[PDB]
Amino acid sequence: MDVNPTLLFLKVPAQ
Amino acid sequence: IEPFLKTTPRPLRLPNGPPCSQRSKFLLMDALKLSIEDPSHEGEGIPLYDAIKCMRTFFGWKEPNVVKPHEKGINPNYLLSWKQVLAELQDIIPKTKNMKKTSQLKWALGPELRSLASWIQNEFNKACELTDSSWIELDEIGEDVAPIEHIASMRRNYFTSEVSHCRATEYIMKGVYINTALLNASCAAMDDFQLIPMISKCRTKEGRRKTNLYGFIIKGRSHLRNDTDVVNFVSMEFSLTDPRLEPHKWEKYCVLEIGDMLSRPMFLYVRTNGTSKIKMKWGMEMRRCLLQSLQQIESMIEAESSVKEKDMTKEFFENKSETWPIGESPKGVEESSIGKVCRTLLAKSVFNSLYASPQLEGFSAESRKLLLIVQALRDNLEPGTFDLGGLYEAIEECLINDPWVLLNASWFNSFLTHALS
C-alpha cells in the first residue's frame with residue numbers, strides 16, 4: 001500500500 | 001464527448017522541474033543509529049559520554065571518502081570536518097566539547113520549480129509503520145493523577161497503545177532531543193563550535209532501555225538576540241542508504257563513505273544548515289503532534305459512535321474490523337483498522353511539522369474548500385452547482401517546490417479520482 005490519508009474523506013465527512 | 005462544455009472536478013496541475021529534494025533538519029527513513037542497551041557506564045545520561053559509548057559499539061570504520069559530492073560545496077572541507085570529529089573524540093573526560101575552529105569548519109559553518117518524485121511518498125509510508133521499539137511511556141509506571149473524563153482517557157490510552165511504537169513517534173522524539181540540545185548549546189557556548197551528538201532513547205521489543213546516536217551536529221557561533229537570529233550548523237548523519245540510487249534527493253548534501261556494517265557500506269550524510277530559537281522551539285514541541293492527531297482520532301470516533309448510539313472506542317481498537325480508506329495499492333483503494341488510522345494521522349501531523357512551510361499553509365487552507373465542495377457533489381444525489389473562487393488558482397499556486405506539499409497535492413488528486421468514480 002501507498003498510504004494517503006486524504007482518502008479518509010471518502011468516508012469521513014470533513015469533520 | 002463534450003464534457004468540454006461542462007466545468008467539473010479536474011485534478012491539480014503539479015509543476016514541472018527537476019525532481020524535488022530532501023530538506024528536513026535530519027534524516028528520516030534513511031537514518032542509522034549506533035546504540036547501547038541497558039546503558040550503565042559512568043556518567044550515562046551525559047550526551048557526549050553516551051555518544052562516545054555508542055561510537056565504540058562499531059568497529060567498521062575505514063578511511064573516509066567522498067562518494068556523492070555536494071556540487072555547490074568545497075567537498076574536501078566536509079571530509080576534513082568528519083575526520084576532525086573522529087580525531088577529536090579519541091581522547092583520555094569533560095562534559096561538552098568544542099571543536100578546534102579549523103579552516104574547514106569555519107567554511108562549513110559559513111523560484112525554482114521542482115516536480116514530485118517518489119521518495120517522499122516512501123518516507124511517508126515508513127513514518128506510519130510500527131517499530132520494534134517504543135519511543136514514549138518509558139519511565140516507571142504510575143497513576144494517572146490528571147483530571148480527565150472516562151471516555152476521553154479511554155481514547156487517549158487506546159491511541160497511545162497504537163502510537164507508542166510508531167516510527168513517527170521516533171521522529172518526534174528525535175526532534176525534541178536534538179532541538180533541545182541545540183538550544184542548550186546555543187546558549188551556553190555562544191562563541192564555541194560545540195560538537196552536539198544527535199541522540200534518542202527508547203525501549204526495545206524486549207523492554208530494555210536503549211540509547212541511540214544518529215550522528216553529530218556542529219554548532220557555529222550563537223550570539224543570538226532576536227528570536228530570528230540564525231545558528232549555522234553542520235549535521236553529519238550515519239546512514240546505510242547509498243545516495244547514488246537517488247542522487248536528486250541528496251542535492252543538499254555531501255555524502256561520504258565511512259565504514260562497513262554487518263555486509264554493507266556505511267555512509268555519512270553531510271550538509272550545513274541553520275536554525276533559530278524559534279525553529280528549535282518548534283522542534284522541541286513536536287509532541288503537540290500526538291495531541292493534534294489524537295483529537296482528530298477522537299472526533300472520528302465521536303461522530304461514529306453517535307450514529308450507533310454507543311461508544312465504539314473499545315470495539316474499534318480491539319476487534320479490528322471497522323475500517324477506513326487510507327491508502328492505495330495496485331488493486332485500488334485499501335482500508336485499514338483504527339490503529340493504522342492513528343499512526344497515519346500521527347505521521348501526517350509530524351510531517352507537516354518537519355516540513356512546515358508557507359506553501360503547506362496555503363495548500364492546506366485552499367484545498368480544504370475544494371474538498372468540501374467535492375464531498376458535497378458526492379454525498380447529494382441532486383448536489384447543485386458551486387462557485388469556485390480561483391480556488392484551483394489559489395491552490396495550484398502553492399505548488400512550486402516542496403516535496404511534502406507536492407505529495408499532498410498528489411494525494412488530493414487521488415481522492416478526486418475516487419470521490420467521483
# chains A, B, ... in the order shown; residues from 1 in each chain; ligands from 1
call {"tool": "residues_around", "arguments": {"residues": "residue A:7", "least_positions_apart": "2", "cutoff": "10 Å", "atoms": "only C-alpha atoms", "output": "number ranges by chain"}}
result
A: 3-5, 9-12; B: 324-328, 333-335, 411-416, 418-419
call {"tool": "write_last_selection", "arguments": {"atoms": "N, CA, C and O atoms", "output": "PDB file, in the first residue's frame"}}
result
ATOM      1  N   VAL A   3       0.353   4.863   1.498  1.00  0.00           N
ATOM      2  CA  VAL A   3      -0.572   5.447   2.417  1.00  0.00           C
ATOM      3  C   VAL A   3      -1.016   6.908   1.971  1.00  0.00           C
ATOM      4  O   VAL A   3      -0.176   7.767   1.687  1.00  0.00           O
ATOM      5  N   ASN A   4      -2.294   7.221   2.039  1.00  0.00           N
ATOM      6  CA  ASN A   4      -2.801   8.511   1.540  1.00  0.00           C
ATOM      7  C   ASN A   4      -3.865   8.950   2.469  1.00  0.00           C
ATOM      8  O   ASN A   4      -4.990   8.574   2.294  1.00  0.00           O
ATOM      9  N   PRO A   5      -3.552   9.731   3.467  1.00  0.00           N
ATOM     10  CA  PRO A   5      -4.601   9.965   4.409  1.00  0.00           C
ATOM     11  C   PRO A   5      -5.685  10.909   3.927  1.00  0.00           C
ATOM     12  O   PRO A   5      -6.671  10.989   4.563  1.00  0.00           O
ATOM     13  N   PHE A   9     -11.391  10.854   3.478  1.00  0.00           N
ATOM     14  CA  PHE A   9     -12.539  11.736   3.248  1.00  0.00           C
ATOM     15  C   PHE A   9     -13.527  11.201   2.268  1.00  0.00           C
ATOM     16  O   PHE A   9     -14.528  11.886   1.916  1.00  0.00           O
ATOM     17  N   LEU A  10     -13.219   9.980   1.804  1.00  0.00           N
ATOM     18  CA  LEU A  10     -14.164   9.128   1.052  1.00  0.00           C
ATOM     19  C   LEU A  10     -15.154   8.631   2.046  1.00  0.00           C
ATOM     20  O   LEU A  10     -16.289   8.309   1.666  1.00  0.00           O
ATOM     21  N   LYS A  11     -14.749   8.596   3.328  1.00  0.00           N
ATOM     22  CA  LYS A  11     -15.663   8.094   4.399  1.00  0.00           C
ATOM     23  C   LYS A  11     -16.029   9.137   5.456  1.00  0.00           C
ATOM     24  O   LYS A  11     -17.099   9.223   5.852  1.00  0.00           O
ATOM     25  N   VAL A  12     -15.127   9.971   5.878  1.00  0.00           N
ATOM     26  CA  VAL A  12     -15.305  10.815   6.995  1.00  0.00           C
ATOM     27  C   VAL A  12     -15.711  12.146   6.402  1.00  0.00           C
ATOM     28  O   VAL A  12     -15.005  12.698   5.561  1.00  0.00           O
TER      29      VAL A  12
ATOM     30  N   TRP B 324     -11.419   2.012   7.295  1.00  0.00           N
ATOM     31  CA  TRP B 324     -11.428   3.367   6.698  1.00  0.00           C
ATOM     32  C   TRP B 324     -10.464   3.356   5.578  1.00  0.00           C
ATOM     33  O   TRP B 324      -9.319   2.932   5.768  1.00  0.00           O
ATOM     34  N   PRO B 325     -10.859   3.927   4.466  1.00  0.00           N
ATOM     35  CA  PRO B 325      -9.982   4.031   3.295  1.00  0.00           C
ATOM     36  C   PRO B 325      -8.781   4.970   3.631  1.00  0.00           C
ATOM     37  O   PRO B 325      -8.945   6.139   4.159  1.00  0.00           O
ATOM     38  N   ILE B 326      -7.585   4.483   3.397  1.00  0.00           N
ATOM     39  CA  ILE B 326      -6.436   5.220   3.790  1.00  0.00           C
ATOM     40  C   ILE B 326      -5.153   4.989   3.003  1.00  0.00           C
ATOM     41  O   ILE B 326      -4.098   5.349   3.417  1.00  0.00           O
ATOM     42  N   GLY B 327      -5.258   4.425   1.823  1.00  0.00           N
ATOM     43  CA  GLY B 327      -4.101   4.007   1.102  1.00  0.00           C
ATOM     44  C   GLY B 327      -4.605   3.429  -0.186  1.00  0.00           C
ATOM     45  O   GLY B 327      -5.822   3.309  -0.391  1.00  0.00           O
ATOM     46  N   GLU B 328      -3.664   3.138  -1.068  1.00  0.00           N
ATOM     47  CA  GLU B 328      -3.961   2.606  -2.388  1.00  0.00           C
ATOM     48  C   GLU B 328      -2.873   1.666  -2.809  1.00  0.00           C
ATOM     49  O   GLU B 328      -1.683   1.881  -2.534  1.00  0.00           O
ATOM     50  N   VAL B 333      -8.362   1.334  -3.936  1.00  0.00           N
ATOM     51  CA  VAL B 333      -8.299   1.777  -2.559  1.00  0.00           C
ATOM     52  C   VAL B 333      -8.463   0.748  -1.454  1.00  0.00           C
ATOM     53  O   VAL B 333      -9.403  -0.016  -1.480  1.00  0.00           O
ATOM     54  N   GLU B 334      -7.558   0.831  -0.468  1.00  0.00           N
ATOM     55  CA  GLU B 334      -7.396  -0.035   0.684  1.00  0.00           C
ATOM     56  C   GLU B 334      -7.834   0.628   1.970  1.00  0.00           C
ATOM     57  O   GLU B 334      -7.617   1.811   2.155  1.00  0.00           O
ATOM     58  N   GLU B 335      -8.471  -0.145   2.853  1.00  0.00           N
ATOM     59  CA  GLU B 335      -8.995   0.324   4.173  1.00  0.00           C
ATOM     60  C   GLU B 335      -8.217  -0.290   5.257  1.00  0.00           C
ATOM     61  O   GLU B 335      -7.739  -1.398   5.094  1.00  0.00           O
ATOM     62  N   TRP B 411      -1.822  13.363  -3.382  1.00  0.00           N
ATOM     63  CA  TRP B 411      -2.813  12.655  -2.577  1.00  0.00           C
ATOM     64  C   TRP B 411      -4.244  13.229  -2.788  1.00  0.00           C
ATOM     65  O   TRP B 411      -5.235  12.447  -2.793  1.00  0.00           O
ATOM     66  N   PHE B 412      -4.359  14.572  -2.894  1.00  0.00           N
ATOM     67  CA  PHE B 412      -5.641  15.142  -3.177  1.00  0.00           C
ATOM     68  C   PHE B 412      -6.145  14.756  -4.580  1.00  0.00           C
ATOM     69  O   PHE B 412      -7.338  14.555  -4.785  1.00  0.00           O
ATOM     70  N   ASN B 413      -5.263  14.738  -5.586  1.00  0.00           N
ATOM     71  CA  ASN B 413      -5.698  14.229  -6.853  1.00  0.00           C
ATOM     72  C   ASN B 413      -6.303  12.854  -6.812  1.00  0.00           C
ATOM     73  O   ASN B 413      -7.383  12.673  -7.393  1.00  0.00           O
ATOM     74  N   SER B 414      -5.666  11.923  -6.081  1.00  0.00           N
ATOM     75  CA  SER B 414      -6.207  10.563  -5.826  1.00  0.00           C
ATOM     76  C   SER B 414      -7.573  10.499  -5.287  1.00  0.00           C
ATOM     77  O   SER B 414      -8.406   9.697  -5.693  1.00  0.00           O
ATOM     78  N   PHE B 415      -7.781  11.344  -4.317  1.00  0.00           N
ATOM     79  CA  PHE B 415      -9.076  11.489  -3.752  1.00  0.00           C
ATOM     80  C   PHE B 415     -10.105  11.878  -4.792  1.00  0.00           C
ATOM     81  O   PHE B 415     -11.171  11.264  -4.817  1.00  0.00           O
ATOM     82  N   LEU B 416      -9.807  12.873  -5.645  1.00  0.00           N
ATOM     83  CA  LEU B 416     -10.815  13.417  -6.615  1.00  0.00           C
ATOM     84  C   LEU B 416     -11.105  12.330  -7.550  1.00  0.00           C
ATOM     85  O   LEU B 416     -12.239  12.137  -7.953  1.00  0.00           O
ATOM     86  N   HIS B 418     -11.413   9.336  -6.898  1.00  0.00           N
ATOM     87  CA  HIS B 418     -12.206   8.228  -6.389  1.00  0.00           C
ATOM     88  C   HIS B 418     -13.474   8.746  -5.853  1.00  0.00           C
ATOM     89  O   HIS B 418     -14.462   8.028  -5.800  1.00  0.00           O
ATOM     90  N   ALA B 419     -13.438  10.002  -5.445  1.00  0.00           N
ATOM     91  CA  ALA B 419     -14.542  10.612  -4.783  1.00  0.00           C
ATOM     92  C   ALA B 419     -15.714  10.605  -5.744  1.00  0.00           C
ATOM     93  O   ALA B 419     -16.865  10.596  -5.327  1.00  0.00           O
TER      94      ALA B 419
END
call {"tool": "select_by_dssp", "arguments": {"residues": "chain A", "states": "helix (DSSP H, G or I)", "output": "list in words"}}
result
residues 5, 6, 7, 8, 9 and 10 of chain A
call {"tool": "residues_around", "arguments": {"residues": "residue B:111", "least_positions_apart": "5", "cutoff": "12 Å", "atoms": "only C-alpha atoms", "output": "JSON, numbers by chain"}}
result
{"B": [15, 17, 397, 398, 399, 400, 401, 402]}
call {"tool": "write_last_selection", "arguments": {"atoms": "C-alpha atoms", "output": "compact mmCIF listing (two decimals), in the first residue's frame"}}
result
# COMPACT_ATOMS: atom_id res chain seq x y z
CA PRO B 15 4.82 21.70 -11.54
CA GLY B 17 11.04 20.85 -12.78
CA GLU B 397 -0.16 28.44 -6.85
CA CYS B 398 1.21 26.82 -3.69
CA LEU B 399 2.72 24.01 -5.73
CA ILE B 400 6.25 25.36 -6.51
CA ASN B 401 8.92 23.33 -4.76
CA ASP B 402 8.07 21.50 -1.69
call {"tool": "atom_distance", "arguments": {"atom1": "atom CA of residue B:243", "atom2": "atom CA of residue B:286"}}
result
28.1 Å
call {"tool": "residues_around", "arguments": {"residues": "residue B:278", "least_positions_apart": "3", "cutoff": "8 Å", "atoms": "only C-alpha atoms", "output": "number ranges by chain"}}
result
B: 227-228, 275, 281-282
call {"tool": "closest_residue", "arguments": {"among": "B:141, B:230, B:284, B:128", "to": "chain A", "atoms": "only C-alpha atoms"}}
result
B:128
call {"tool": "atom_distance", "arguments": {"atom1": "atom CA of residue B:376", "atom2": "atom CA of residue B:389"}}
result
16.4 Å
call {"tool": "closest_atom_pairs", "arguments": {"of": "stretch 122-223 of chain B", "to": "stretch 296-318 of chain B", "cutoff": "12 Å", "atoms": "only C-alpha atoms", "output": "CSV"}}
result
residue,atom,partner,partner_atom,distance
B:150,CA,B:311,CA,11.4
B:151,CA,B:313,CA,8.2
B:152,CA,B:298,CA,8.0
B:153,CA,B:298,CA,10.5
B:154,CA,B:313,CA,7.6
B:155,CA,B:313,CA,6.5
B:156,CA,B:298,CA,8.2
B:157,CA,B:313,CA,10.4
B:158,CA,B:317,CA,6.9
B:159,CA,B:297,CA,8.2
B:160,CA,B:317,CA,11.1
B:161,CA,B:317,CA,9.4
B:162,CA,B:317,CA,8.7
B:163,CA,B:297,CA,11.9
call {"tool": "residues_around", "arguments": {"residues": "residue B:50", "least_positions_apart": "2", "cutoff": "12 Å", "atoms": "only C-alpha atoms", "output": "ChimeraX atom specification"}}
result
/B:34-48,52-57,95-96,196-201,210-213
call {"tool": "closest_residue", "arguments": {"among": "B:375, B:222, B:7, B:133", "to": "residue A:13", "atoms": "only C-alpha atoms"}}
result
B:375
call {"tool": "select_by_dssp", "arguments": {"residues": "stretch 26-77 of chain B", "states": "strand (DSSP E)", "output": "NGL selection string"}}
result
:B and (34-37 or 61-68)
call {"tool": "atom_distance", "arguments": {"atom1": "atom CA of residue B:280", "atom2": "atom CA of residue B:80"}}
result
27.2 Å
